[PDB]
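First up is the structure itself, then whatever we jot down about it.
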Amino acid sequence: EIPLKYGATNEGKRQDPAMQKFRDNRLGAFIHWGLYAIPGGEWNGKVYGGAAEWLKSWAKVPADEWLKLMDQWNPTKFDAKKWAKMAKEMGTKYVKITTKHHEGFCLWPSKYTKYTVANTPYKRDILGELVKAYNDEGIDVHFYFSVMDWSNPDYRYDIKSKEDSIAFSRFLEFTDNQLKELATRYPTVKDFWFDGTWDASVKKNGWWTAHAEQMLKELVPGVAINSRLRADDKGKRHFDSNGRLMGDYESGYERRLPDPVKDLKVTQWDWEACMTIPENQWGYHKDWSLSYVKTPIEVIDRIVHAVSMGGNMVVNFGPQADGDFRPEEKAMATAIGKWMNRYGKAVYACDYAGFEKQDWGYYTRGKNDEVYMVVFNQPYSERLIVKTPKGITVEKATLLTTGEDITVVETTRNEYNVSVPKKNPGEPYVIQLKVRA
Ligand SMILES: C[C@@H]1NC[C@@H](O)[C@H](O)[C@@H]1O
């Protein structure tokens with residue numbers, strides 16, 4: 001191996017109770033809310049099709065001008081209790097919130113910059129109210145944090161001069177100050193999800209990513225820290241120069257997912273995927289007709305996909321300027337919530353099952369060695385093929401919702417045909433298998 005002072009931290013999966021809760025949660029929501037929600041992907045009568053949270057860049061607005069949006073920040077319909085009820089109803093077990101996105105505007109009243117929720121007509125600590133409200137519903141809260149900060153004059157994209165070095169060094173101190181602040185103001189935080197860490201400035205300072213991770217783990221017992229934060233001695237990100245995962249879990253699956261046949265490597269480490277509802281919109285964009293919008297079944301497929309391969313899935317929402325959610329998102333959360341009420345036993349606290357992928361859908365494995373078949377593609381043959389691993393036998397199949405026995409017929413060695421239900425469920429459904437070893 002190449003030796004490294006700032007390479008991979010521990011060996012494999014954490015199995016302390018905090019990581020087990022992070023894992024067993026499985027389904028979370030993402031909240032991208034910032035000044036970008038005001039223009040909503042439109043600058044001066046020109047609608048941009050790019051991601052709305054990147055409008056400063058699309059429309060080339062200077063920092064000074066972009067941040068004046070603060071003067072319009074007055075989410076009059078915001079009600080954190082309602083945000084939390086909505087999440088509880090969706091069956092989301094955790095919410096990851098943009099504390100500060102690339103624009104640099106903070107959703108908590110930071111004492112280290114003026115660009116925060118304090119210096120707005122609304123004044124209030126949005127982050128704090130959300131933390132309290134989600135926690136009151138027994139929902140964990142995670143903090144998204146963009147290292148790249150377009151509002152701080154000391155940020156640099158690359159270290160070209162002594163000047164740059166003096167500035168960036170001060171920037172990392174600034175960054176540290178905000179991180180300790182979030183950690184000490186909101187100690188129930190369970191995770192820092194770092195973003196905007198890909199610039200050469202950060203790659204050349206791998207030492208600081210390890211320090212960031214280490215400092216937060218001391219400030220917050222059991223906190224989880226994502227791989228995206230981390231660079232090693234040689235500038236390699238996520239995985240270190242010897243191929244070891246840095247941070248507590250892998251977080252590169254953004255609007256994509258690992259192949260359920262070819263990428264089974266992911267089962268060896270914790271990981272978390274995040275997804276948008278449209279093609280590429282994280283912040284609120286006012287014109288969702290500009291790209292394909294995923295239906296509820298398409299999002300549900302991706303949730304179960306992730307869990308079947310040992311991962312979490314986080315569904316993103318981009319709240320409106322006014323503090324409400326658009327009706328597309330409300331319909332999504334309600335549709336997901338209804339499905340999770342019926343079928344969530346096959347999601348919460350589940351994991352990779354070790355069975356070869358089949359066309360009808362996905363397997364998941366429960367805490368007590370239950371094996372769930374989650375069927376998305378209904379075979380006309382009316383037979384669901386199950387190939388067991390060597391030594392596993394199938395005792396029984398039960399329709400989860402009704403308890404009805406489902407016929408299991410042996411077809412060859414380590415292979416069965418599990419019948420479809422007598423009555424078509426009319427939606428993705430679960431058959432729960434009792435397996436013996
Ligand atoms: C989750 C995504 N991470 C990349 C960032 O540039 C996007 O705006 C989103 O925050």
Selected residue (criterion: surrounded by the most Cβ atoms within 10 Å (Cβ to Cβ)) from residues of region 57-95 that are touching an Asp or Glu at 6+ places or on another chain (Cβ under 6 Å) and charged (D, E, K, R) = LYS88
query = Across region 34-66, which residue is farthest from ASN280 (Cα to Cα) among those that are part of a loop (DSSP other than H, G, I, E, B) and of a type in the set (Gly, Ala, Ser)?
reply = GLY45
message = Being touching a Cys at 6+ places or on another chain (Cβ under 9 Å) and either away from the ligand (no atom under 15 Å from the Cβ) or not charged (D, E, K, R) (or both) is the requirement here; does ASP24 meet it?
response = yes
key: Number of the exception - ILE159 against (1) hydrophobic (A, V, I, L, M, F, W, C); (2) part of a loop (DSSP other than H, G, I, E, B); (3) closer than 24 Å to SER251 by Cα   = (3)
key: Output for region 295-317, where each listed residue is away from the ligand (no atom under 16 Å from the Cβ) and over 27 Å from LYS265 (Cα atoms)   = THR295, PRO296
message = Checking the conditions here, which among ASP158, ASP136, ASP149, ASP154 is among the charged types (D, E, K, R), within 16 Å of the ligand (Cβ to nearest atom) and assigned by CATH to the domain that holds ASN316?
response = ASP149
request  = Could you grab me the full set of residues in region 85-107 that are under 17 Å from the mean Cα position of the chain (by Cα), of a type outside the set (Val, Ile, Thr) and more than 12 Å from the ligand (Cβ to nearest atom)?
outcome  = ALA87, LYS88, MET90, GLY91, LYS93, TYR94
key: Matching residues in region 395-428 - criterion: being under 16 Å from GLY366 (Cα atoms), outside any loop (DSSP other than H, G, I, E, B) and within 34 Å of the chain's Cα centre (by Cα)   = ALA397, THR398, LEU399
inquiry  = Take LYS203 and tell me if it is among the basic types (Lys, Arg) and either closer than 20 Å to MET19 by Cβ or within 16 Å of the ligand (Cβ to nearest atom) (or both).
reply    = no
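Virtual Cβ from ideal backbone geometry, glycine too; neighbours counted across all protein chains shown. What is reported rests on the model, the rules as stated and the sources as named; these are not laboratory values.
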